[PDB]
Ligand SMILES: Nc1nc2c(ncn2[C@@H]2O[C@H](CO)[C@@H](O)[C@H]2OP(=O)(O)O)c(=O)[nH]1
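Shown here is one chain on its own, the form deposited without the ligand, set out as structure tokens.
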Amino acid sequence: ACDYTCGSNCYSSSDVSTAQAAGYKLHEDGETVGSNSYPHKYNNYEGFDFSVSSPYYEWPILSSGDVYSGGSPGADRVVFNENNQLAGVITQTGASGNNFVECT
């Protein structure tokens, strides 16, 4: 079973914790990786109901289980906040342009 399903990508709770730990470390180090500079601020224009408060940051999560190191980020992402609390798992998959949709 999937703890989080983004389009056709299945994710376990272990996948999301491994991702978030990598992103959070980069945020503490004031560093980024990839052409689009991740992690970077996430604005919740879509009004997703997060039970953790902002500021929020996004980091790519990959379908392969590897942690993101540069190269193609895919469409999925973890969103965490300033206290290193998980907000939710989101995707561009099924969404136009600059929208996101939640992972289910």
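One-based numbering along the sequence shown.
Just so it is clear, the following notes concern the form solved in complex with the ligand, a form of the same protein that is not shown.
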{"property": "4.5 angstroms heavy atom contact with the ligand in the bound PDB entry for residue 36", "result": "yes"}
{"property": "Exercise: residue 46 in contact with the ligand in the bound PDB entry, heavy atom 4.5 Å", "result": "yes"}
{"property": "Touches the ligand in the bound PDB entry: residue 8 (any heavy atom, 4.5 Å)", "result": "no"}
{"property": "is_contact(residue 104, the ligand) in the bound PDB entry, heavy atom dist at most 4.5 Å", "result": "no"}
{"property": "Stretch 48-74 - residues with a heavy atom within 4.5 Å of the ligand in the bound PDB entry", "result": "58"}
